[PDB]
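**Student:** Residue numbers (the UniProt record's numbering), protein chains in the order written: chain G, 85 to 217; chain A, 2 to 102, 125 to 161; chain L, 108 to 266; chain R, 346 to 394; chain V, 2 to 138; chain E, 55 to 237, 273 to 439. Note that the Cβ used here is the ideal one computed from N, Cα and C, for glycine as well. Here's a structure for you.
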Amino acid sequence: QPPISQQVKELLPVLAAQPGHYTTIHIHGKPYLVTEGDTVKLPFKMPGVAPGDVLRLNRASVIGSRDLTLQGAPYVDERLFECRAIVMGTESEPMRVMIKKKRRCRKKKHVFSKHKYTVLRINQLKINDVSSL
Amino acid sequence: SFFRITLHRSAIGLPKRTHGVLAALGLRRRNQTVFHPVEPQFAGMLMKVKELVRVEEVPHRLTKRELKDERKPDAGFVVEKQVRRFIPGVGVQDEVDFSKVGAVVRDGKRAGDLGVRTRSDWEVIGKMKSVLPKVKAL
Amino acid sequence: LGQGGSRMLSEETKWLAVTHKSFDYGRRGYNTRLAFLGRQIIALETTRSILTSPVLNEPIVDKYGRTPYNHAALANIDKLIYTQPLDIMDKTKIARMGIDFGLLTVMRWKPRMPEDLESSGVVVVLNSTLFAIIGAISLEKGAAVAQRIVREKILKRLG
Amino acid sequence: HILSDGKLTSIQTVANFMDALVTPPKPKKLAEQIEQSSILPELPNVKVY
Amino acid sequence: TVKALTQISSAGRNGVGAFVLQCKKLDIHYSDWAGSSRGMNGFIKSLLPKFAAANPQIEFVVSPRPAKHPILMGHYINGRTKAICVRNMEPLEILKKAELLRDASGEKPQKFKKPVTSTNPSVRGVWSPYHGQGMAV
Amino acid sequence: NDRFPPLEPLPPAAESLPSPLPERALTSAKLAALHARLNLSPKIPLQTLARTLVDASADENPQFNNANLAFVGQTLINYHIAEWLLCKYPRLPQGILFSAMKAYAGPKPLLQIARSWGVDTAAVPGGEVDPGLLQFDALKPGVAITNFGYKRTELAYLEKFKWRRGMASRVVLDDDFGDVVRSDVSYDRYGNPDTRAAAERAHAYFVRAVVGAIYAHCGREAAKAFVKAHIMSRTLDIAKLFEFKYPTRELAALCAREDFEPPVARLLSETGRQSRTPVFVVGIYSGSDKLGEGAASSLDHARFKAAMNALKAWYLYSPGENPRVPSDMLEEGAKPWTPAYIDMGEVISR
Ligand SMILES: [Mg+2]
């Protein structure tokens with residue numbers, strides 16, 4: 085695979101050594117700035133997942149600490165970090181009714197929308213040691 | 002070559018003949034891409050809607066499953082561990098961890136065939152009163 | 108600690124373990140935190156010396172004539188009905204060990220009343236010092252080296 | 346066992362005759378029907394009342 | 002002098018370290034006489050046995066309830082309860098509804114407002130007009 | 055009667071027993087689900103998990119009760135957290151250490167771990183109840199476990215006459231959380282603050298028992314993973330367990346002890362002086378080095394807050410988030426142990 089830049093290889097340990105780290109994961113192109121322990125409530129029902137399933141997130145746009153920020157051009161290389169989630173089931177919204185109507189017209193058309201949302205939990209967010217790489 | 006036509010604008014207020022030109026090209030909604038061979042018949046068809054479309058010469062025609070795969074975003078995740086689930090038409094698929102790779128689906132008419140722990144298995148585990156962990160491990 | 112005891116810990120740590128919080132108003136470090144960990148280590152080794160000790164236990168006769176489950180794994184945990192750890196980890200017993208090995212002429216503390224040492228907290232002060240030595244071995248040398256010293260240099264001297 | 350004419354006419358083989366006599370009526374209650382099932386009574390986490 | 006406070010405890014994050022399915026029980030009420038329970042009776046004989054074996058961490062209780070529509074009542078770890086009336090539904094519709102109770106949580110439904118829910122402080126702390134390069138009007 | 059036959063077949067001498075029989079646990083759907091919820095290994099039978107749910111207040115017999123499992127479990131939970139807390143924050147003050155041990159393995163958090171497992175309690179203990187319910191007697195005043203701490207000779211005076219106890223004797227004399235040791274029936278009543286304690290006690294003992302059963306059946310390493318997954322995974326802001334009395338004086342004793350030059354408060358920034366809500370940012374500097382910074386509305390409060398932030402930074406020093414633990418050595422062959430940092434102790438000042 086493409087070798088990592090030498091500048092990223094000398095400052096990644098300085099990034100992993102700081103107290104806290106965050107990341108911007110991309111699920112289907114949409115970003116979510118999260119940290120280990122956060123609960124992501126996606127605006128869609130992920131198909132084919134049950135509670136207890138583990139997802140490995142591999143498209144991260146930004147991984148940074150307080151002072152240092154690691155940016156990938158399209159995305160950061162998967163070898164640098166390791167992010168994992170866990171499916172905590174799906175939740176729903178209260179049914180909302182949309183009334184489409186025009187003036188001086190008695191016909192009121194109703195639209196009932198009640199969508200489901202998958203909830204995740206970032207249970208792992210660690211930066212790898214790339215000394216061997 | 003081929004003409005790659007994309008309906009950039011609409012024709013909501015243009016004459017009815019302009020809708021007949023967009024119907025022959027196949028442009029129903031906005032930003033819809035069609036591929037038509039480079040020919041005089043199509044070329045004169047684009048000179049009538051040249052204020053609404055964007056034309057481009059492409060070597061090969063793209064299939065329906067390839068025009069949509071260029072706007073498809075990367076999933077951004079990979080299922081590495083699945084928990085036991087019941088598939089209605091297949092059976093009871095056991096747990097699989099793709100990190101060490125096994126979708127074994129056991130179906131039958133008895134609990135033993137499904138591969139789950141039954142009441143009898145709990146009676147055999149309850150009578151094993153001699154099993155003991157090694158002192159070093161305790 | 109037997110042969111090699113002095114070298115196991117450290118120059119700074121060995122002094123710190125033997126220093127109580129009453130010496131020099133704590134300006135120089137005290138062993139209070141080490142004494143905390145040391146007690147936790149000792150408790151888990153005296154609880155294991157009762158679970159893994161082969162002894163014949165007399166079963167109790169339940170008033171309601173019930174029969175226990177009688178698992179081989181629960182028979183080891185049913186050994187705490189007759190011998191409790193606190194019976195072995197007696198204040199006077201642990202305190203008497205230090206006084207025997209000359210810990211009273213080495214430790215650094217200030218007794219509130221020097222003449223009446225007993226009523227000035229020698230037992231509590233000696234136990235905190237013996238736990239520290241075990242709380243410092245574990246942190247500096249690992250649990251494996253500590254677990255070998257609690258079974259041989261403490262438990263083997265307290266029956 | 347009094348066998349109906351609908352049964353005797355439906356019967357065409359010796360095996361059919363045995364089935365009509367030794368097969369008791371099907372239980373109407375779903376509870377008694379579940380007891381005969383092999384999966385549900387054996388599951389540890391399922392209790393049927 | 003440092004005095005330790007004794008009124009704060011550790012908060013649990015389900016999913017980190019260990020996961021616990023929020024569904025802890027599932028009541029399956031049928032009726033042998035009610036016509037609206039025809040599908041629920043077919044779900045209990047063909048789809049429930051295997052679905053109950055796929056989720057060994059759920060307590061399934063099948064009890065009759067004559068003169069009443071069939072319901073799926075799931076009890077959750079947080080003490081709340083969700084009941085679903087499955088009248089006139091086919092066996093495969095009941096299995097789709099029992100999967101709704103298994104994946105769901107005891108919480109009440111709420112409109113989608115914010116994706117992320119975090120109880121850990123910002124890695125880069127909140128903005129301050131005093132910890133930067135300043136600003137000139 | 056004839057119309058309502060009993061749902062559960064039981065002998066006539068079943069409503070009088072203190073707790074359900076061992077063989078009753080092999081026919082309850084609550085245990086089988088509770089066993090499969092915690093992902094316990096098949097080494098632990100259902101007759102053992104049932105014993106963990108029978109508190110010593112519902113059964114006086116040493117067997118059939120949580121007394122022995124809950125003891126072996128409390129020792130493991132306490133030991134694993136004590137070593138992990140000292141390796142993570144080696145400089146925590148002893149009083150804060152007791153508060154943080156009690157914040158993880160105390161009766162309060164252990165009560166929430168039992169409620170997160172879907173453990174429903176039984177109204178009143180009896181042989182008829184299904185073994186899948188946590189059964190205890192909350193009206194029995196004298197129920198308690200055996201602890202390693204000893205009773206203080208001056209206990210009565212401390213409570214009555216407000217005598218001084220200290221924080222260096224608590225390690226030996228007191229319990230693992232610093233607290234002192236030994237500090273028919275009518276159901277027409279309401280809850281009591283004493284019963285709520287028994288409710289907390291019963292839940293804690295059960296969670297401790299589950300760890301005692303895991304240790305007995307699955308061994309030591311299995312118990313450590315269970316504690317590491319369910320207890321140590323909980324999040325706590327240790328910075329919120331700090332209460333300071335005269336922090337500016339304490340910070341001065343720190344620099345004097347470590348030989349750092351005297352601390353000086355400097356006004357980094359300020360705005361809105363002579364207003365209702367001014368902002369003063371003062372930084373405490375030891376020489377050229379900046380120890381801590383604090384912002385408050387009052388000039389004095391800003392100097393106090395800045396001194397606390399400097400003290401919290403000293404005590405909350407962490408070598409790493411996931412440090413190595415001395416318990417990692419006694420298991421299968423691992424890398425050699427490296428000496429961990431041992432702090433002198435918290436500064437004692439005026
Ligand atoms: Mg129109």
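Could you check the C-alpha separation between residue 139(V) and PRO71(V) for me, to the nearest Å?
**Tutor:** There is simply no residue 139(V) to check, as chain V begins at 2 and stops at 138 in what is shown.
**Student:** Mind listing which residues of the segment 135 to 159 of chain L have their C-beta closer than 9 angstroms to chain A's C-betas, in chain order?
**Tutor:** Residues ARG155, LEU158, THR159.
**Student:** Give the residues of chain V in contact with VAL118(G), contact being defined as C-beta atoms less than 7 angstroms apart.
**Tutor:** In chain order: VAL117.
**Student:** Just checking, does the segment 371 to 390 of chain R make contact with the segment 123 to 130 of chain E on the three C-beta pairs under 8 angstroms criterion?
**Tutor:** No, because fewer than three Cβ pairs between the segment 371 to 390 of chain R and the segment 123 to 130 of chain E fall closer than 8 angstroms, the two stretches do not touch.
**Student:** Going residue by residue through the segment 102 to 127 of chain G, where are the continuous beta strand (DSSP E) segments of at least 3 residues, counting only ones entirely within it?
**Tutor:** The segment 102 to 127 of chain G contains these whole beta strand (DSSP E) runs: 106 to 111, 114 to 118.
**Student:** In chain order, what residues of the same chain lie with their CB nearer than 8 angstroms to the CB of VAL229(L), ignoring the 5 residues before and after it?
**Tutor:** Counting only Cβ-Cβ distances below 8 angstroms, and skipping sequence neighbours, we find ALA202, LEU211, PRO218.
**Student:** Helix, strand or coil: how does DSSP classify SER129(V) here?
**Tutor:** Looking at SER129(V) - three-state DSSP - the assignment turns out to be coil, as it is neither helix nor strand.
**Student:** Taking 8 angstroms as the CB-CB cut-off, is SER407(E) touching chain L?
**Tutor:** Chain L contact via Cβ: absent.
**Student:** Could you compute how far the alpha carbon of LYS352(R) sits from the alpha carbon of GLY138(A)?
**Tutor:** Cα to Cα, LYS352(R) sits roughly 41 angstroms from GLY138(A).
**Student:** Could you give the first and the last residue of the continuous alpha helix (DSSP H) run that contains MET418(E)?
**Tutor:** Taken as a continuous stretch (DSSP letters only), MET418(E) belongs to no alpha helix (DSSP H), as it is neither H nor E.
**Student:** Just to confirm, is the Cβ distance from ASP137(G) to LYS82(A) under 8 angstroms?
**Tutor:** Taking 8 angstroms as the Cβ cut-off, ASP137(G) and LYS82(A) qualify as a contacting pair.
**Student:** By the DSSP assignment, the beta strand (DSSP E) with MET172(G) in it spans what residues?
**Tutor:** Unbroken beta strand (DSSP E) run through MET172(G): 165 to 176.
**Student:** Does DSSP classify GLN189(E) as helix, strand or coil?
**Tutor:** Of the three classes helix, strand and coil, the one that applies to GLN189(E) here is strand, per DSSP.
**Student:** Assuming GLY77(A) and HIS112(G) are in contact, meaning their beta carbons sit under 8 angstroms apart, how far apart are those beta carbons, in whole angstroms?
**Tutor:** Correct: roughly 6 angstroms between the Cβ atoms.
**Student:** If you draw a straight line from the C-alpha of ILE147(G) to the C-alpha of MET172(G), how long is it?
**Tutor:** About 24 angstroms.
**Student:** Using beta-carbon positions only, say whether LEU165(E) and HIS292(E) come within less than 8 angstroms of one another.
**Tutor:** Yes, Cβ-Cβ distance for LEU165(E) and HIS292(E) is below 8 angstroms.
**Student:** Threshold first: 3 residues or longer. Then list the beta strand (DSSP E) segments lying entirely within the segment 153 to 223 of chain L, N to C.
**Tutor:** Within the segment 153 to 223 of chain L, no complete beta strand (DSSP E) run reaches 3 residues.
**Student:** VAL367(R) lies in the alpha helix (DSSP H); which residues open and close that run?
**Tutor:** It spans 359 to 367 - the alpha helix (DSSP H) in which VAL367(R) sits, taken as one unbroken run.
**Student:** Three-state secondary structure (DSSP) at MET397(E)?
**Tutor:** DSSP places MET397(E) in helix when its eight states are reduced to three.
**Student:** Closer than 9 angstroms by beta-carbon distance: list the chain E residues that pair up with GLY18(V), in chain order.
**Tutor:** The answer, in chain order, is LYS317, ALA318, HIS319, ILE320, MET321, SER322, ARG323.
**Student:** Quick check on the DSSP output: the beta strand (DSSP E) that includes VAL299(E) runs from which residue to which?
**Tutor:** Segment 282 to 307 is the alpha helix (DSSP H) holding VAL299(E); no beta strand (DSSP E) there.
**Student:** Enumerated in chain order, which unbroken segments of the alpha helix (DSSP H) with a length of 4 residues or greater are wholly contained in the segment 56 to 124 of chain V?
**Tutor:** With a minimum length of 4 residues, the continuous alpha helix (DSSP H) runs that stay inside the segment 56 to 124 of chain V are 92 to 104.
**Student:** Please look up how many angstroms separate the CB atoms of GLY242(L) and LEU141(L), rounded, as I've assumed it's under 8 angstroms.
**Tutor:** About 4 angstroms separates the two Cβ atoms, so the contact holds.
**Student:** When the distance is taken between beta carbons, is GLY203(E) closer than 8 angstroms to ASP228(E)?
**Tutor:** Taking 8 angstroms as the Cβ cut-off, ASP228(E) and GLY203(E) qualify as a contacting pair.
**Student:** Using beta carbons (cut-off 8 angstroms, strictly below), is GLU177(G) in contact with chain V?
**Tutor:** At least one chain V Cβ lies under 8 angstroms of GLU177(G).
**Student:** With a Cβ-Cβ cutoff of 8 angstroms, do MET397(E) and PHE333(E) count as a contact?
**Tutor:** Yes, these two residues count as a Cβ contact at 8 angstroms.
**Student:** Measuring CA to CA, which of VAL181(G), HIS199(G), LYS200(G) is closest to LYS192(G)?
**Tutor:** With distances taken between Cα atoms, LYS192(G) lies closest to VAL181(G).
**Student:** Taking only three categories from DSSP, how would you classify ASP389(E)?
**Tutor:** Three-state DSSP puts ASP389(E) in a helix.
**Student:** Can you give me, in chain order, the residues of the segment 150 to 162 of chain E that have a beta carbon less than 9 angstroms from any beta carbon in chain V?
**Tutor:** Here the close residues are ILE150, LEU151, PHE152, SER153, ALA154, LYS156, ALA157, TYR158, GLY160, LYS162.
**Student:** Identify the continuous alpha helix (DSSP H) that holds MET182(G) and give its terminal residues.
**Tutor:** That residue, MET182(G), is in no alpha helix (DSSP H); its beta strand (DSSP E) goes 180 to 184.
**Student:** Check whether the Cβ atoms of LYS112(V) and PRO178(G) lie closer than 8 angstroms to each other.
**Tutor:** Yes, the Cβ-Cβ distance between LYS112(V) and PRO178(G) is below 8 angstroms.
**Student:** Going along chain L, which residues have a C-beta under 8 angstroms from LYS157(A)?
**Tutor:** None at all; the shortest Cβ gap to chain L is about 11 angstroms.
**Student:** Quick check on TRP426(E) - is its C-beta less than 8 angstroms from some C-beta in chain L?
**Tutor:** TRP426(E) counts as touching chain L.
**Student:** Comparing C-alpha positions only, which one of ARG338(E), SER386(E), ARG346(E) sits nearest to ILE373(E)?
**Tutor:** The shortest Cα separation from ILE373(E) among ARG338(E), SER386(E), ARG346(E) belongs to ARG338(E).
**Student:** If you reduce the DSSP assignment to three classes, tell me which class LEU88(E) lands in.
**Tutor:** Looking at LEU88(E) - three-state DSSP - the assignment turns out to be helix.
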